[PDB]
Amino acid sequence: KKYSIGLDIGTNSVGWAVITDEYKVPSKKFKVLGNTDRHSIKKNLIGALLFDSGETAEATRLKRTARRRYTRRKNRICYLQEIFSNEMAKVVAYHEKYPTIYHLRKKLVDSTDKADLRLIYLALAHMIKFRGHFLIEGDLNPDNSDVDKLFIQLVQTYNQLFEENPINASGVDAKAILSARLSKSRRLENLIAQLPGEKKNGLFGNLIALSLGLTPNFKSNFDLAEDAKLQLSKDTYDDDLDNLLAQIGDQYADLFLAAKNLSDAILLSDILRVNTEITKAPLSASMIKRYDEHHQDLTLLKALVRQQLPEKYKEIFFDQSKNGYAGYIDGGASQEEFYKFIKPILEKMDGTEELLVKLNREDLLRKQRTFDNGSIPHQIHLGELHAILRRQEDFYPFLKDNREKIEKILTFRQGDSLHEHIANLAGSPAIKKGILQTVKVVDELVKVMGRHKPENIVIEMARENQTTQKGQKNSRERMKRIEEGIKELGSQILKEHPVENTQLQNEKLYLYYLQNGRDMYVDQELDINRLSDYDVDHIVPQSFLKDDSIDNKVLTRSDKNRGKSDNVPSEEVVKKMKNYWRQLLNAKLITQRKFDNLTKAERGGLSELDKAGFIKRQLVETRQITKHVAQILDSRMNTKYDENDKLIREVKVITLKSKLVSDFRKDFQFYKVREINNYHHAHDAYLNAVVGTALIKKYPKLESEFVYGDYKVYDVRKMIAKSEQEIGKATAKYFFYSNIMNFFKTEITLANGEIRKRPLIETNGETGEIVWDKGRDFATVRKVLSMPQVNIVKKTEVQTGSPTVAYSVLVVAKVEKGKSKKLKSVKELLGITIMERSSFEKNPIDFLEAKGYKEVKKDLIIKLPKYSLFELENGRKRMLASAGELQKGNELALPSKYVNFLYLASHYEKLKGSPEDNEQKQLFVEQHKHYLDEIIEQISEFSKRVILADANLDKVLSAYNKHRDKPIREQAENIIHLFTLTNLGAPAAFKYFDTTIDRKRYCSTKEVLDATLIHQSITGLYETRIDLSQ
DNA sequence: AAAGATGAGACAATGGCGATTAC
RNA sequence: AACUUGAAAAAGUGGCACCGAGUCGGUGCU
DNA sequence: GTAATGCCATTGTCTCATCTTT
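Residues numbered from 1 in each chain as written, not as in the entry; some residues may be left out. Chains lettered and ligands numbered in written order. Heavy atoms only, no water.

Looking only at helices and strands, chain A has 40 helices and 26 strands in total. A compact globule built from 1030 residues should have a C-alpha radius of gyration of about 31 Å, and chain A, at 34 Å, falls within 12% of that. Oriented by its inertia axes, the alpha-carbon framework of chain A measures out at about 100 × 95 × 65 Å. Burial status across chain A gives 48% buried among its 1030 residues. Accessible surface computed for chain A: about 52200 Å², of which carbon and sulfur atoms make up 48%. (Helix = DSSP H or I, 4+ residues; strand = E, 2+ residues; numbered from the N terminus. Rg over C-alpha atoms; globule rule 2.2 N^0.38 Å. Buried < 20%, exposed > 50% of the residue type's maximum accessible area, 1.4 Å probe, protein only. Areas by Shrake-Rupley, 256 points an atom, 1.4 Å probe, with all protein chains shown as cover.)

The structure is reproduced here in structure tokens:
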């Protein structure tokens, strides 16, 4: 019946889950193909695909290549030519009058005379072949074109991507600095001078340098080993950015995108500066002016050189090997090399004024076909094309007949391949592979459900959990924040009580040092060795916004000092402590937003605009890659129309933030422990589906925030009730408190302690449909997380590109044995190397006989790529790593109660919750400490039948008995390390406390030759099982 | 005096080859 | 992934509920 | 006589030391 799909897209895994209307995961029977006695299996519609981030045919298919671009352009030209055919059949001065195509184009925009159709085709073809990028959607407008708005958007993306140590830019006049007629580096230095906290070599400084047209190096900003240089004008920038993102992750993708956007604004401001006419073709006019300056400077240079310096003329115009003018025109010499070569010649000669101010501006003797044109957006070419069509509209009727055709040719980006759409994206090859896998997963899932499309497809871009290498970077940043703030203020608290970066990971201690060792609400000193009695209060309550960052947290002895209101802290405290908050503000100890929230009672208190800001902060996804993935899935899923040109959206693509599902897990103890198995990807997908369906059922009018598409822009300020209960939940007004996840909660604890109550059954106000049942639905979620059968599949992949094995091959044949060469039947795995692959596939029999095999059973040869799956006895599974080695193939389905216990024991000191809640968790752990022994038993019984590494199992059990005296937290943390013994995939060494357990490898592949081979679909729901006993 | 860049050295993870041992 | 058809791009092939839940099982319907 | 059970090789990361630049 009706269902929804939840997706957790990552760079090494893709989680997927299918949910019903009552938030249940269906269990279905699937057919099993092959030649065994198993014809049906029961599987839950939940799982996760796992895959390598490596060199593969698919990977090369997802890379940008010149040929695909070429055929694209060629096709466009073919369309254009078909449009021009019927009229073309009827249809020195040119080269001298127009030495470049931009002259002809400007003539066609500025001439009313009738022109030859061939030249018109030349203009249109030039605008179509190199049409420019599609990063800005719609018509040009100052909101997406002016330098100011895009600079603010860039620094907003920057501050959003970190939110600690951020740069605040309000006083800056981005237009006056960036649009000024000066050199790129001087514009960069002028903008940096206006930002005292940032420097040219910083990340933001390098972004500005990238947007201005320089070549910044991002190694120091990300500590990369290999230098990664980016130039927007360079043709190989996109793949370079894709390489760069692969090293640092795709979270920074939008940052570089914003830099690109800023560049476009500057270019748009550089061409619109000069207006010889009121409205014109700015690009063509700029190229003509560039041509004119080139001609003047050229003739003047030749005149001056011939008059004053007859010598070395040949070195500039004839030699061409040392990057002269002949190398600039006839050789492989870039513009920067030519400038570097001719700068001292211009510096030495007399009468060289005016040429140098143009040279320093990098606009001296420029060509018309240069590296900068990659930055030209397509809206400019679309404007000029519309202009040309309008000028020649009445003269040629077929231009009137074919306006929308040409416009579609320029604007189109029909349905092409999925690979080209994914290749155009701005991301690492890993996330592009994951996106392709996600699309295929969706296709198979809708195939599995009888070709019924889901009602909702919720997408989360899975966050990369801390790799611990960054766990020290964060401590370093907060340490620099504490040291700069203390040095700025002048209170030597660090002298009397020294601390190191290791201890600063604790929230309360970091807040203690962030607040100069003083209470935020009261004028008294805090007790250094009584922080457990002190509470961490939220400036903006959790009932309004779920913000647990340092930006919205304060440390105080009691949160009753905020006063009686459920809003920001009262005016009686704000008026008294505003001076101290201003001292903490100007010392860069806190951000501007935290001071604004702290001093919000002076401006009335929380307002509808603040609540609207909270709703937009919680509900909208900033990541562009996510929007493009949602666009791909929406376009492939929704393809119906009506009589008009309106898109019927049968399937809603919901985009969710990871913070929502994470907080949902933390609030209702649906805890995630990634180290147990790979089920947590699928679980995250399920919880995403649940949260997404709940939100779209609860707030349909807020669809424009999450659902992808063109909806009615529903304002959020007007939908807020005036009163808590009188107008909230009794009228059309959807909610008074701005936190969207309140309806999941049974109780709502405000900042004073009053406990607000919410109905047992949450229903939609307009349609009267129950959206959440606080009993049955949480029980259902727990039951789903408790299911032991979740489909974990390792994508088998041929290797492409000692020799590397492309794939292994099962050969059943005979080999000669002994002096007499008696033929003996054998069945063995042979590794086909990458160099050997083509020869083996050309004629397998000849290759095998050259290897020594005889009487090969051609029809029994089986191709076995890496990770091919085999099942043996008692459900034990192995994956093919090689021709002579196997990997573990099973997942340890630990019950939910033990997962939650492990999360709680390992999260002993770090809880980030209320004191009562913390006491409940602590008493739960202590009352359930026997779960440690039970988890060990589970590891033992799983390992006994599935792993068969008895030396390591004995080592493990021995160490666990050795350390049963240790604290619960440590034993939990080391059981977390113990789950690598049982994880799916390659065996790996690990540690229980200090005792190291070395990997037990499966160094023989013999047993798989008589096991059951399992070929698996991308989702693992469809499988074929072959009993290799034969 | 502090920060950035380049090269080399211990880590980490997985697979392959050779020698010793066991059936 | 496997299988079928194709030189290839590429097309096709795997029933639904309920009671449970140790890697999925059982029962009813079809 | 054949097959099963420590060190080396390859691809990526990270940290430390020295030299150069702001």
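Neighbouring RNA strand C are 30 residues, the closest being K28, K42, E891, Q938 and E1023. The sugar and phosphate moieties of RNA strand C supply 39% of its atoms located within 4 Å of the protein. Within the backbone of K31, a nitrogen or oxygen atom sits 2.8 Å from a base nitrogen of RNA strand C. Between a base nitrogen of RNA strand C and a main-chain N or O atom of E891, the distance comes to 2.5 Å. With six residues, strand β3 (residues 27–34) is the single largest residue contributor to the surface near RNA strand C. Looking at side-chain class alone, the surface near RNA strand C contains ten nonpolar, nine polar and eleven charged residues. (Near = heavy atom within 4 Å. Polar contact = N/O pair within 3.5 Å; in protein donor to acceptor, adjacent residues only side chain to side chain. Nonpolar A, V, L, I, M, F, W, Y, C, P; charged D, E, K, R; others polar.)

The next subject is the environment of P865. Note on placement: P865 falls in the loop between β19 (862–864) and β20 (869–871). Along the sequence, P865 and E855 sit ten residues apart, while their C-alpha atoms lie 24 Å from each other.

Right, let's get into a negative patch on the surface. A surface patch of negative charge is lined by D21, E22, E455, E650 and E769. The residue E769 is located in the loop between β14 (761–763) and β15 (770–773) in this model. (Patch = residues over 30% accessible without salt bridge, like charges linked within 9 Å, V, L, I, M, F, W, Y side chains within 5 Å. Salt bridge = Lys/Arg side-chain N within 4 Å of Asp/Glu carboxyl O. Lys, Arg positive; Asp, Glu negative; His and termini not counted. Charge placed at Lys NZ, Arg CZ, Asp CG, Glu CD.)

Among the surface-exposed residues, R463, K666, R674 and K912 lie close enough to one another that they form a single positively charged patch. With respect to the helices and strands, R674 occurs in the loop between α30 (658–667) and α31 (679–698). On the basis of relative accessibility, which here comes to 34%, the residue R674 falls in the partly exposed class.

Further remarks concern the environment of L981. Here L981 lies in the loop between α40 (968–978) and β23 (990–992). Judged by its relative accessible area of 8%, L981 is buried. Placed 25 residues apart in sequence, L981 and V956 show a C-alpha to C-alpha distance of 9.4 Å. The residues touching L981, leaving out its near neighbours within four places in the chain, are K888, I939, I947, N952, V956 and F990. (Contact = heavy atoms within 4.5 Å.)

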